[PDB]
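What is reported rests on the model, the rules as stated and the sources as named; no laboratory instrument gave them. Cβ placement follows ideal geometry from the backbone for every residue including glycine, while neighbour counts extend to all protein chains displayed.
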Amino acid sequence: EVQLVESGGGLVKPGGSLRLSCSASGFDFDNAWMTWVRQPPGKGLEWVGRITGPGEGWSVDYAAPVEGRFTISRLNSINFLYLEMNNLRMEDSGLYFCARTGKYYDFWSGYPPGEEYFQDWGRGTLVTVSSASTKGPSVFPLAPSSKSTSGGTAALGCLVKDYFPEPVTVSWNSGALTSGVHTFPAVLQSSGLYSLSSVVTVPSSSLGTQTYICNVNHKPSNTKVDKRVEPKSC
Amino acid sequence: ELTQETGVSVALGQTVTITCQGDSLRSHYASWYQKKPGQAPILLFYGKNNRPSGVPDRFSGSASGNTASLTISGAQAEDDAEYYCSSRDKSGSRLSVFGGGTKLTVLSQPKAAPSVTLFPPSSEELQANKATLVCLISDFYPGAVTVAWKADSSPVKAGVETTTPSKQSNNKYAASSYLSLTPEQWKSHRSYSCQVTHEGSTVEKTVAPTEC
Amino acid sequence: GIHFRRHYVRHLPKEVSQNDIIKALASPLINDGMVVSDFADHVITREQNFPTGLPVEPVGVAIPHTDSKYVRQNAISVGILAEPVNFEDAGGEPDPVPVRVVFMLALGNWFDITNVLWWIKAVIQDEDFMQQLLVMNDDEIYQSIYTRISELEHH
């Protein structure tokens, strides 16, 4: 029925500018109020602002931290909503949602201007504000030993260190080895660079005769690294 | 603004009420939203007693004084999520605001302690004049852990980076923590430990610079 | 502001139906260009789903209206009924409301809608004013509503 699709999110340096769009379908857009909402990494939903309809002269209201930097607009002929963002900050990073906005007022218990509620949401577009430059990762072996061996199985892996931006991919033995593989979500470091690890659990009995190579690929930097992980035999 | 409990835990199938409080609620109703990772928020309830078509009847909103409440009558495993309140930021305002959110943990399986693996710096990294300790944490439930690093026995805060927990495909949780140090710092202590605390209990792993 | 003119007030005879009332009050609004030509149809349909009967203690009051998209310019139209006509309760009550005073609201935006609804809720708490509406001629009703509207606008 109702379809909302945000786009335009991407990487931008602090002080930079970005324009987000949202296509709307399945409802009477021209008369609909529309709201932008964002969710910073790890934080909660934050109301960004809302544009009204023709009877309100398409007035817009903004949250205090974005007033003057952000501009909300609409194009009714093709059912689009926009958010133009200037002088972007680190704190502006996150997932930006567009929402169809209903209005509520209970006659007997209500107080003007009633309440706005968000009846349909898109899935969001991701905005990343960072001063980091593109960088391919360094890849280091995480060797198995007695310390990472439990009851017939050993853990080994690769450390994929200091890359930007996301994502990287990791396979093992060119994809011949998939059972027991766990690639952990990356950490974002205070440097602005990412690091992650990929581990595989394997039989400890065959560490002496099996070869384990992790295949790391970082598309944004055209980086390809193969790293053999050798056992410590202790 | 609007204040919600940071987190609330509920046993499977039990009734739970979460709250949202603020001066604006004395004049304005709240609306309620469910938010799951990677999914769009869903409106659950708004106004005096409006539930959208398609929202299960076990979700109900109420209001008293300067508080709004969302009650889930008989929490399901799938109700484990973030819940947000929204209303006017001040009485008569044209702006809107969200509460800080409440993480509702619905306890849907037994407690599971984390499996912890700690790796020392590789010879390769050290040869590159760098050193990283890698602490990998998996298969724990519920999805919250505390990670502390020790150099010998003294706490280390400098150079520590730790991820938020993430749900694995087997519905338990994983996280990782990294300690960056110099080769000289690594060699200067007798041991380093990664201490992972989960539901009050700690799993500890230790590595020694001189040991195999 | 709210347009409120002398011909936006009228008394209605017996044997008028709810729909007839809506059409009669919408008529001067349509003729002055305050609302879209099929405004009455939209108020009728909204009344079917969101009833506007108010059980206040002199006599019943109704506040028929529809969505802001069908209003061109803010206006109010008033009707006094010769005999009570039933409107369903605006609060989801089983008992219908015997109404004799009808305030047709034609507001073209949300902020004006809610402000006028708040004001109406205050006005109908004046039992004596409501009683006066049942006896005053069209001229006196116009002057009294006009003055109250202008006072609402001041602040």
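Numerical summary
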| read-out | value |
| --- | --- |
| Count - residues of the stretch B:83-127 that are within 7 Å of chain A (Cβ to nearest Cβ) and within 28 Å of B:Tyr178 (Cα to Cα) | 5 |
| Out of B:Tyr33, B:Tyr46, sole residue that is within 12 Å of another protein chain (Cβ to nearest Cβ), among the aromatic types (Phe, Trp, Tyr) and over 25 Å from the mean Cα position of the chain (by Cα) | B:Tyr46 |
| Matching entry among A:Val170, A:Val199, A:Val187 (being surrounded by 17 or more Cβ atoms within 10 Å (Cβ to Cβ), over 15 Å from B:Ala175 (Cα atoms) and without any contact (Cβ under 8 Å) to a residue 60 or more places away in the chain) | A:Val170 |
| Pair list, Cβ under 7 Å, 6 or more apart: the stretch A:47-58 residue closer than 13 Å to A:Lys103 by Cα and more than 9 Å from every other protein chain (Cβ to nearest Cβ), other residue in a loop (DSSP other than H, G, I, E, B) and small (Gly, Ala, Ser) | none |
| Matching residues, the stretch A:114-152, being in contact (Cβ under 8 Å) with a residue 12 or more places away in the chain, farther than 30 Å from B:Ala30 by Cβ and not in a loop (DSSP other than H, G, I, E, B) | A:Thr128, A:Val129, A:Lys135, A:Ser138, A:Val139, A:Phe140, A:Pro141, A:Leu142, A:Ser146, A:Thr149 |
| Residue list for the stretch A:122-169, restricted to those being charged (D, E, K, R) and in contact with a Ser or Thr (Cβ under 9 Å, 6 or more places away or on another chain) | A:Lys135, A:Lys147, A:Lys161, A:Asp162, A:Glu166 |
| Pairs, first more than 15 Å from A:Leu126 (Cβ to Cβ) in the stretch A:1-17, second exposed (fewer than 12 other Cβ atoms within 10 Å of the Cβ), C-beta under 6 Å, six or more apart | A:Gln3/A:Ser25; A:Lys13/A:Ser131; A:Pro14/A:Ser131 |
| Check on A:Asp61, more than 17 Å from the chain's Cα centre (by Cα), within 11 Å of another protein chain (Cβ to nearest Cβ) and either surrounded by fewer than 16 Cβ atoms within 10 Å (Cβ to Cβ) or not in a strand (DSSP E or B) (or both) | no |
| Among residues of the stretch B:168-183, those that are more than 10 Å from chain A (Cβ to nearest Cβ) and surrounded by fewer than 17 Cβ atoms within 10 Å (Cβ to Cβ), counted | 4 |
| Residue in the stretch A:15-46 that is surrounded by the most Cβ atoms within 10 Å (Cβ to Cβ), counting only those that are charged (D, E, K, R) and at the interface with another protein chain (Cβ under 10 Å from one of its Cβ atoms) | A:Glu46 |
| Residue that is farthest from the other protein chains (Cβ to nearest Cβ) [pool: residues in the stretch B:137-167 that are under 14 Å from the mean Cα position of the chain (by Cα) and outside any strand (DSSP E or B)] | B:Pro142 |
| Residue selected from the stretch A:95-116 under the condition within 19 Å of the chain's Cα centre (by Cα) and buried (at least 22 other Cβ atoms within 10 Å of the Cβ), by the criterion farthest from A:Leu83 (Cα to Cα) | A:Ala99 |
| Residues of the stretch B:2-22 classified as assigned to a strand (DSSP E or B) and not hydrophobic (A, V, I, L, M, F, W, C), total | 7 |
| Residue match in the stretch A:210-226 (condition: among the hydrophobic types (A, V, I, L, M, F, W, C), closer than 23 Å to B:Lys130 by Cα and touching a helix residue (DSSP H, G or I) at 6+ places or on another chain (Cβ under 7 Å)) | yes |
| Single residue of the stretch B:103-138 satisfying the filter (polar (S, T, N, Q) and in contact with a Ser or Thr (Cβ under 7 Å, 6 or more places away or on another chain)) that is nearest to B:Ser87 (Cα to Cα) | B:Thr105 |
| When residues of the stretch C:28-55 are limited to those that are small (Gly, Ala, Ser) and under 24 Å from C:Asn115 (Cα atoms), the one farthest from the chain's Cα centre (by Cα) | C:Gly33 |
| Conditions (1) assigned to a loop (DSSP other than H, G, I, E, B); (2) of a type outside the set (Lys, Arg); (3) away from chain A (no Cβ under 12 Å): number failed by B:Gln39 | (3) |
| Hey, A:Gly49 surrounded by 19 or more Cβ atoms within 10 Å (Cβ to Cβ) and assigned by CATH to the domain that holds A:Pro113 or not | yes |
| Enumerated strands (runs of 3 or more DSSP E) restricted to the stretch C:54-149, each holding at least 3 residues that are in contact with a helix residue (DSSP H, G or I) (Cβ under 7 Å, 6 or more places away or on another chain) and either closer than 20 Å to C:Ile2 by Cα or without any contact (Cβ under 8 Å) to a residue 24 or more places away in the chain (or both) | C:75-87, C:97-106 |
| Given (1) surrounded by 13 or more Cβ atoms within 10 Å (Cβ to Cβ); (2) of a type in the set (A, V, I, L, M, F, W, C); (3) out of contact with any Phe, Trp or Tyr (no Cβ under 9 Å at 6 or more places or on another chain); (4) more than 26 Å from A:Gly110 (Cα to Cα), index of the condition B:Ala11 fails | (1) |
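Residue-by-condition table, conditions (1) in contact (Cβ under 8 Å) with a residue 24 or more places away in the chain; (2) surrounded by 17 or more Cβ atoms within 10 Å (Cβ to Cβ); (3) under 20 Å from C:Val97 (Cβ atoms); (4) aromatic (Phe, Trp, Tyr):
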{"site": "C:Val9", "(1), (2), (3), (4)": "yes, yes, no, no"}
{"site": "C:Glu15", "(1), (2), (3), (4)": "no, no, yes, no"}
{"site": "C:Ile22", "(1), (2), (3), (4)": "yes, yes, yes, no"}
{"site": "C:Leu25", "(1), (2), (3), (4)": "yes, yes, yes, no"}
{"site": "C:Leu29", "(1), (2), (3), (4)": "yes, yes, no, no"}
{"site": "C:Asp32", "(1), (2), (3), (4)": "yes, no, no, no"}
{"site": "C:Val35", "(1), (2), (3), (4)": "yes, yes, no, no"}
{"site": "C:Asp41", "(1), (2), (3), (4)": "no, no, no, no"}
